[PDB]
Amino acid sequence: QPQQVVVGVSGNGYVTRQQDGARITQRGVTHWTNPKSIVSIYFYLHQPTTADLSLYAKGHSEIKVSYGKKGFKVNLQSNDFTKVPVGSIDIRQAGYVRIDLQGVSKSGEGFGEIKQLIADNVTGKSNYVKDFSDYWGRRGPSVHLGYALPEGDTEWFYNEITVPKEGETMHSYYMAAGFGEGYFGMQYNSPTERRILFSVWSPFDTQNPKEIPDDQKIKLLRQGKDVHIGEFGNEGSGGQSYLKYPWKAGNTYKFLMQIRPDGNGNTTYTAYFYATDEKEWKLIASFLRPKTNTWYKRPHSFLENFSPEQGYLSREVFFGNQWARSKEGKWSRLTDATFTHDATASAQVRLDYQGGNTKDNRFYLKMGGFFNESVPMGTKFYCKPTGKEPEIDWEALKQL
């Protein structure tokens, strides 16, 4: 039987144009002052169906509600929330449904406050953010690729990363060369700032790095030119380093990660970034992790959106030419990548998670942006063992 689908704006709506002219909060749409602003609400339907749309809203205004080219003009004239009819739409196929809101006239300060989109008489199952963190829900599902290492002990992992222009999205972490105890990648942080980040967790489990015993603190061994070193907390704790570097979409950068136990019960982690635009390797940092005796484990990559406001945009990244070097000095081309998604995806509140093969023998990750094809947890992807073995001046790297 058809059912009512109540879609909360706080977990499913975004200001998608003129960001300063409306806001999504725990209340839904508030501070909606600019007629140029567009608010978009997304929910997924499993089968074709009609839907009678209403808004749970209040205000003194005229707004425009749209589903593709079909638009409805809607007056709000109330001080308190009421269920305001919009009109019927026909969803002709499964997938994400995007409903847009735009201000047309405001009798006072703003276009009104919108708490929910209500879709009545809907046939079939739906997915969207409900009974789930709006914050994490809107940030969307992070995705991961894990690469299989050969047998034996790997000391270095090498991976080539390219963020295509279509995948370049502010407030994203493109994590290239992770390992069992931390991360190495690049971020697009603001219009004037992009960072190469390298983080290593302490073995001591705490949310405050100052609560880590001295003999378990991550120690700085080497620091690259212009690199900033500090400590982090609130997601476990440890040491981090970054280099401000204006990386460009469409360019291929190289991440070279060294993990080497010292034989004295510590392991050293040394991160090198190839600044393609300058054609030179940079040292980010070398950190020592105490109470740890490991070679390289769990080489992996991930794609993450930091900003709930950016959830409506996709982001994407390509990873190519994965190599591992054994402690004995032997290079092997890696071929096997396993795709996983985060718990937001597992909750099925966001279905816009994807990864796999490119047509040019790379792997990709893609999330956000409310696209319609997902990929199951644990799906294995493969590449041909082609590509140029890395030619690294090891001595020169040691002088950085």
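Note that residue numbering begins at 1 and tracks the sequence as displayed.
Engineer: So, looking at the entry's B-factor column for Cα atoms, which has the higher mean, 135-143 or 118-126?
Structural biologist: For C-alpha atoms only, the mean B-factor is higher in 118-126.
Engineer: Comparing average C-alpha B factors as deposited, tell me which of 87-95 and 313-321 sits higher.
Structural biologist: Per the deposited B-factors, the answer is 87-95.
Engineer: Ranking every modelled residue in this chain by its Cα temperature factor as given in the entry, which third contains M377?
Structural biologist: For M377, the deposited C-alpha B-factor lands in the middle third.
Engineer: Ranked by Cα temperature factor within the chain, is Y56 in the lowest third, the middle third or the highest third?
Structural biologist: CA B-factor rank for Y56: lowest third.
Engineer: Quick check for you: using the entry's CA B-factors within this chain, is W281 in the lowest, middle or highest third?
Structural biologist: Answer is highest: the recorded C-alpha B-factor places it there.
Engineer: If you rank every modelled residue in this chain by C-alpha B factor, which third holds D80: lowest, middle or highest?
Structural biologist: Its C-alpha B-factor belongs to the middle third of this chain's values.
Engineer: By the recorded C-alpha temperature factor, relative to the other modelled residues in its chain, which third is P290 in?
Structural biologist: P290: CA B-factor falls in the lowest third of its chain.
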